[PDB]
Amino acid sequence: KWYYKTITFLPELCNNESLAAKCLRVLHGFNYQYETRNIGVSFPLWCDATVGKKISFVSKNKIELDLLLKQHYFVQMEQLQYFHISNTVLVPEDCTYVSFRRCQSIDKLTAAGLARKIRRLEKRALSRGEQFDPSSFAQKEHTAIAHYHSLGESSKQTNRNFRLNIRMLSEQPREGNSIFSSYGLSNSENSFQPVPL
Amino acid sequence: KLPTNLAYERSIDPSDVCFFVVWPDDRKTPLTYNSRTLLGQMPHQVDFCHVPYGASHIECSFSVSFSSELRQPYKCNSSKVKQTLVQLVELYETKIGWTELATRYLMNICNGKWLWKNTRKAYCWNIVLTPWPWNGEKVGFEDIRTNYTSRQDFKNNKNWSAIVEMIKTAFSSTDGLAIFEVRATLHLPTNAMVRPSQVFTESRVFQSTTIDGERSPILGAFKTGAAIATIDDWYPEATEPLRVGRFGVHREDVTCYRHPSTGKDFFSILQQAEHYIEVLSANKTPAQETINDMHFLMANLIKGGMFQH
RNA sequence: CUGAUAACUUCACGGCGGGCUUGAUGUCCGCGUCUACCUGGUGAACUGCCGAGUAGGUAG
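If you read the protein sequences in the order shown, they are chains U and Y. Note that the working numbering has the first sequence beginning at 448, numbered continuously upward. Note that the working numbering has the second sequence beginning at 1426, numbered continuously upward.
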């Protein structure tokens, strides 16, 4: 019983992931006021490349939206015609209920990943047994990884530079009143919410 | 000049390099890599090869052998050019001896030039030679970043005159031969990456061979011989060495030095060999465009290749 | 402005019967394809916690 709007990206000269990622960065700029964890990001296009020309944030009850959409970011940006924040339209109920999860297995396939994992695996050999030689944890010598898209953000107070990943499952519309964790995805795992097209 | 048939065969011929990993339990195992297959939604490999956790060091191994195949062409259509070429090499080794080319190849073996971009981000590497025929224990070159820097610094070693003299006997004596086995120890940092060779495809798939069931990357057979022949520092207004081709090709910055307009390529120099046996039968030789062309010609017959029309 | 203008050929119709192509047959002798050969990741997906867990969840 609530609705979506399309912040459209139309300068017709832009890369799409690198604008969408800093849109999500200033989404994480919101919701430090206190943990009002009620926003879904909902990338409405998803090809086998090119994270879409849109972004479609959701809110709950029409007024928290424009606390989110006045996020100190478009006020000095929208003097000219580059983006388009769509004006608060009640939802047409002909869409599809899809998912957006950060999956943390694109990130832990790298050789740095199992380096961290094996050095953790006898960081906590403190359930004292016989220590292994690490000469046998040879990596997955052939691997077929699926489709993914990567968004280049950084840590919230430290200079730690990760990225974050997005997939497009489809699953089970009706579930709860839709809280999440902090910046916008649906990998909460206490309530894994689909947020629609 | 330049008959229907003319071809030389190469003197230096190296082999594949092999990479192994040493553990603190005092053994060694081959190095393996992994692809990752990039799928779409509902193909190109990407290979990565990193040093495994908790290792000690990398050991690389190959073997090079110097021979005497430059003294006579493998093919020749006419008994007029072969006479010129055999006395060209004989007057070259009578007048201006084999020591410059021999030192300039043995430097590239002894410092790890054949570790192509694998000694960036590296603590110390140590090269050990086992020569043949030889009597004694092995010839060690230790910590080449902070102990071996220049041609004067190599000559202050115990086993250097013998190594350059057996290379000189190999290039000089007919039916002569020298054989070096090389292995080099690299102490790379923790989870450092490894750069082997890459297959020709028109991304980033490695060249590999099977060592007792495990696949391993190699870093080339033809690549590693293009690193012992980076000795070309005689082109006009020179600053930086080259692979000894015929047309002075610098690879990355596309352009070729020694274009045939300048006359400093192999064919314009080769077609003036009666001038070189003219000058080398005199009693003084200038080191600016006569010694620096005999060096190029003798470095370019050791490479080989067919010199036809 | 045509050797000008005009100009419904048509109805019926049983080619059938019979037939042993075969005999014989030594394709072989000789023969050096060879020389030469850098596909490259500029720097580039980090640091932690729980899980007895190369499987699995997280925070940034």
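Every residue, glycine too, gets a C-beta built ideally from N, C-alpha and C.
CA-to-CA distance, residue j to residue i, given in whole angstroms
i	j	result
Y/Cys1681	Y/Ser1628	27 Å
U/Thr483	U/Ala558	37 Å
Y/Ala1651	Y/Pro1477	29 Å
Y/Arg1435	Y/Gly1730	8 Å
U/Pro491	U/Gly499	7 Å
Y/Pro1449	Y/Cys1485	18 Å
U/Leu573	Y/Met1467	45 Å
U/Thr543	U/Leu561	37 Å
Y/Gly1601	Y/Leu1526	17 Å
U/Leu611	U/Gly599	7 Å
U/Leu471	U/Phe477	10 Å
U/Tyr520	U/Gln480	16 Å
Y/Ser1504	Y/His1734	17 Å
U/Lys603	Y/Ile1437	58 Å
U/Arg548	Y/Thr1664	56 Å
Y/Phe1691	U/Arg607	55 Å
Y/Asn1584	U/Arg566	44 Å
8 Å Cβ cut-off: residues of chain Y touching residue i
i	result
U/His589	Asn1459, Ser1460 and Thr1462
U/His594	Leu1464, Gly1465 and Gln1466
U/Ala585	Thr1457 and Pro1477
Beta carbon of residue i nearer than 7 Å to that of residue j
i	j	result
Y/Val1442	Y/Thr1634	no
Y/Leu1695	Y/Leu1495	no
Y/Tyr1458	Y/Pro1642	yes
Y/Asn1533	Y/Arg1620	no
U/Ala593	Y/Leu1463	no
Y/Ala1698	Y/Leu1513	yes
Y/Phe1566	Y/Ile1588	no
Y/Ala1609	Y/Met1591	no
Y/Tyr1433	Y/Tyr1499	yes
Cβ-Cβ separation, residue j to residue i (assumed contact under 8 Å), whole Å
i	j	result
Y/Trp1539	Y/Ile1636	That pair is no contact at about 19 Å.
Y/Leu1644	Y/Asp1657	Y/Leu1644 to Y/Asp1657, Cβ: 22 Å. No contact.
U/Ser546	U/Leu616	4 Å
U/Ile486	U/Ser506	7 Å
U/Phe504	U/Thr455	The Cβ separation is near 12 Å, so there is no contact.
U/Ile510	U/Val488	The Cβ separation is near 20 Å, so there is no contact.
Y/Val1669	Y/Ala1707	Not confirmed; about 27 Å, so no contact.
U/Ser629	U/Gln640	At roughly 14 Å, the Cβ-Cβ gap does not stay under 8 Å, so U/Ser629 and U/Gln640 are not in contact.
U/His596	U/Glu464	7 Å
Y/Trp1659	Y/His1720	6 Å
Residues that residue i contacts on chain Y, provided the C-beta gap is smaller than 7 Å
i	result
U/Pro581	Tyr1478 and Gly1479
U/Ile565	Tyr1478
U/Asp495	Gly1465 and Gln1466
Neighbour list for residue i in chain U, Cβ cutoff strictly below 7 Å
i	result
Y/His1475	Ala558
Y/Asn1616	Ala558, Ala559 and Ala562
Cβ neighbour criterion (16 or more within 10 Å) applied to residue i
i	result
Y/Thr1528	buried
Y/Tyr1517	buried
Y/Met1618	exposed
Y/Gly1673	buried
Y/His1684	exposed
Residue i: contacting residues in chain U (beta-carbon distance under 8 Å)
i	result
Y/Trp1448	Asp580 and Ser582
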